[PDB]
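> Below is the structure I would like to discuss, written out as structure tokens.
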Amino acid sequence: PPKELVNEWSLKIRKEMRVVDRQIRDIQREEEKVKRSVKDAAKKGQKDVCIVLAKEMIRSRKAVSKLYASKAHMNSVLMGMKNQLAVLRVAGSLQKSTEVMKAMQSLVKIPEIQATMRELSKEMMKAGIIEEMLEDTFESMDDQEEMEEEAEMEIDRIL
Amino acid sequence: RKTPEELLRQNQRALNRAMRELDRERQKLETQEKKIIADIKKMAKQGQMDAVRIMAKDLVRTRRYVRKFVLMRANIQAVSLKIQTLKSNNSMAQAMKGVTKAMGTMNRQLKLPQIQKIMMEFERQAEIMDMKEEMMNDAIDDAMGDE
């Protein structure tokens, strides 16, 4: 059973993502600690110390970026695991679908269907010859061109 | 043993449950995506140049995975539609067999020759009746004179 272990380790993935997130937020705490030192060094009349304070700040920013990249990598591998759980479930459902198709095709197959094909074709063929012959012989009895000509004449006096 | 009808009806809502899971593991990712959007929006205020690109990459990853989630969900739908039309095919087959049996046992009582005999007898009787009428009118109308 892969389902519970996938969930089991997903419970640890963001378990460590929260460790990473706290690691991050500590860095912005230190960045806020040092930004006001940059501010004060800017105001105290000599500006060239603020460059070294900025050296500190950009190092902290790089640390933040690296930690965020690590968290993103963790998220990506987690999503891959979830995707593959979905894929395995799809494969199992497809296997069951193949099984039910086997069960249904266990009933009828081509040869009985072909027997029905030819029996229906022959029966309808004889049927059509009987019906057409009957219609022709009943119409071999009374007029066609005349007996149609007054037909619309009968309709004309109705409307 | 289990009847084949039970297997198909079980597979129906089994595939439905698979769609259900796919729905859920989809739904979690839009929440994750909205969290990423909120984070990238709040973080872009202070700039910091680079980490925005990592978050955008993660956003694109989430979109690519919801793509596949929707794709497998659609695949399950096609499988369900096939297994559903399968029993319609079976029903067509059995009804066709029944109508063929009925029509065969029906036209087994009347064939080509005996109806042809009946029909020739009809034509002969119609000949006799029409000859009765035509000459009956003929001799007595021609017996009439001056008109």
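Methodologically, a virtual Cβ is constructed for each residue, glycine included, from the backbone with ideal geometry; neighbour enumeration extends over all protein chains shown. Numbers and lists here come from the model and the stated rules, or from a named source; these are not laboratory values.
> Would you point out which residue out of B:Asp39, B:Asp50, B:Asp58 is out of contact with any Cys (no Cβ under 9 Å at 6 or more places or on another chain), among the charged types (D, E, K, R), buried (at least 16 other Cβ atoms within 10 Å of the Cβ) and within 7 Å of another protein chain (Cβ to nearest Cβ)?
The conditions single out B:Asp58.
> If I filter the range A:101-139 down to residues being assigned to a loop (DSSP other than H, G, I, E, B) and loosely packed, with under 11 Cβ neighbours inside 10 Å, which single residue comes out as farthest from the other protein chains (Cβ to nearest Cβ)?
This residue is A:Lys109.
> Tell me which of these A:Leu134 doesn't satisfy, since it passes every other one: (1) in contact (Cβ under 8 Å) with a residue 40 or more places away in the chain; (2) outside the structural domain of A:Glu16 (by TED's automatic domain parsing).
(1)
> To continue, here is another question. Filter the range B:7-51 for residues that are without any contact (Cβ under 8 Å) to a residue 12 or more places away in the chain and under 17 Å from A:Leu94 (Cα atoms); which is nearest to the chain's Cα centre (by Cα)?
The residue in question is B:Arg9.
> Residue by residue through the range B:61-86, note down the ones that are closer than 13 Å to A:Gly80 by Cα, surrounded by 13 or more Cβ atoms within 10 Å (Cβ to Cβ), under 35 Å from the mean Cα position of the chain (by Cα) and in contact (Cβ under 8 Å) with a residue 24 or more places away in the chain.
B:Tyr65, B:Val66, B:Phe69
> Looking at B:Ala139 and the list (1) under 34 Å from the mean Cα position of the chain (by Cα); (2) more than 10 Å from chain A (Cβ to nearest Cβ), which single condition is not satisfied?
All conditions are met except number (1).
> Within the range A:81-89, is there a residue that is more than 22 Å from B:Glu33 (Cα to Cα) and within 32 Å of the chain's Cα centre (by Cα)?
Yes, some residue in the range A:81-89 is more than 22 Å from B:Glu33 (Cα to Cα) and within 32 Å of the chain's Cα centre (by Cα).
> Going by what's in this entry, would B:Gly98 be described as of a type in the set (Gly, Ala, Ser), outside any helix (DSSP H, G or I), more than 7 Å from chain A (Cβ to nearest Cβ) and surrounded by fewer than 13 Cβ atoms within 10 Å (Cβ to Cβ)?
No, not satisfied.
> OK, next. Please find, among A:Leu85, A:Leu67, A:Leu94, A:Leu78, the residue that is within 30 Å of B:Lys2 (Cα to Cα), assigned to a helix (DSSP H, G or I), touching a residue at least 12 places away in the same chain (Cβ under 8 Å) and at the interface with chain B (Cβ under 10 Å from one of its Cβ atoms).
From the options A:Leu85, A:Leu67, A:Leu94, A:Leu78, the qualifying one is A:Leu85.
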